[PDB]
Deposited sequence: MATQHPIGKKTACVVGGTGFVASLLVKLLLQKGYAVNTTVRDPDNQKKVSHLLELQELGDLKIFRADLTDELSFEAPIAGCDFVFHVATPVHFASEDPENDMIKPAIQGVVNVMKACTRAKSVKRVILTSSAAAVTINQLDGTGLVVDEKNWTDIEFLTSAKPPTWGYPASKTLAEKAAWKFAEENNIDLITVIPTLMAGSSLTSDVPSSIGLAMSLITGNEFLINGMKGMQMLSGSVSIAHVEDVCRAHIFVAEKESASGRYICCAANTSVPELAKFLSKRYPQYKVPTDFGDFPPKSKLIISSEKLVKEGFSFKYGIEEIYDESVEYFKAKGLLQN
């Protein structure tokens, strides 16, 4: 029967977890993976999801192409998030996984997540970053991992499609908060460091582009299900600037004090990131900027990271 199966590597992932939960709700039979099941806190959100449907964990490292044989087998779709909200490891992580998809008839299609943003963004979680008085890459650019994924796929006739996101906010199943929201939320949080971060985001990528992880997630499935889908799919809901965002947050969040004056800082960003191709192929974004921020704000408080 049309009893549908899919595999979602690295189930701990901010994006991934959310896929799984969401797949399960769609009826799919989900297999996911993780390095070491033996962090009780780590999987804590994964256990809860079992309640929703037939979720079979598997234990996987991106180092043994063997790991993937187990979880990958029987699944119509493989979802691997190449660049997780947190270089050589991913690039290897993407071949192995793809390797295993050669060794299965079941796998009708692979859909991969890579973005330049996350790459950078997780640098911001890095240690020893230099501060001056007064990295960031072309948003539509292809990570090596992505680039590597494409080559292979082409060489081994696999059916790949990639989803290219930007700033991802909303809420997350995972216990700890993701850098990426904190950054999306720094304007409300008032974290000076993260604001400069986001300020750079604008100059060095020349856009403040954002999306809700559920929407980024749906986008992944939809493309997975749409038989007519070919290629890369830039997924961003909102386009803005650090000033014009902070104005906008000020005039929707009286409860909080969002810095409303930048002086020199450019009011417009150089680039607008369009998900037309995506929309053109028929996706509709549930969450706009307003709902992204209510969502992100309401989670943060629920996280106990607000007043």
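Gaps between the deposited sequence and the modelled coordinates occur at 1 to 6, 93 to 102, 151 to 164, 338, listed in sequence order.
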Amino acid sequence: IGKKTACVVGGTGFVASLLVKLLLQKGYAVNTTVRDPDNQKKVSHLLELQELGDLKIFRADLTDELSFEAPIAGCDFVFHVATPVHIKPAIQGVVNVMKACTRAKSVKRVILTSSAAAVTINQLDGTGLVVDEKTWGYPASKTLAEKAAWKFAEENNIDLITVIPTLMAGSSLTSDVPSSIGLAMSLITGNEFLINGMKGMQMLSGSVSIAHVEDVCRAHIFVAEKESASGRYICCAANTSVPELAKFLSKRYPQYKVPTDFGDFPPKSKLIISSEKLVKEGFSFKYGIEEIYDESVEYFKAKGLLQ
From here on, numbers count along this sequence of modelled residues.
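Between 257 to 265 and 278 to 286, the higher mean Cα B-factor belongs to 257 to 265. Note on 193 to 201 vs 93 to 101: mean CA B-factor is higher in 93 to 101. Considering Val242, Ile272, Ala60, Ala238 together, the PDB entry gives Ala60 the largest C-alpha B factor.
You'll see in the entry that, of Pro165, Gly182, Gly137, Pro84, the Cα B factor peaks at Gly137. Sort the chain's modelled residues by C-alpha temperature factor and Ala246 lands in the lowest third, per the entry.
Ranked against the other modelled residues of its chain, the C-alpha B-factor of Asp215 as given in the entry falls in the lowest third. In the deposited entry, the Cα temperature factor of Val107 places it in the highest third of its chain's modelled residues.
Sorting the modelled residues of the chain by their CA temperature factor places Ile188 in the lowest third. Among all modelled residues in this chain, the alpha-carbon of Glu133 has a temperature factor (C-alpha) in the middle third.
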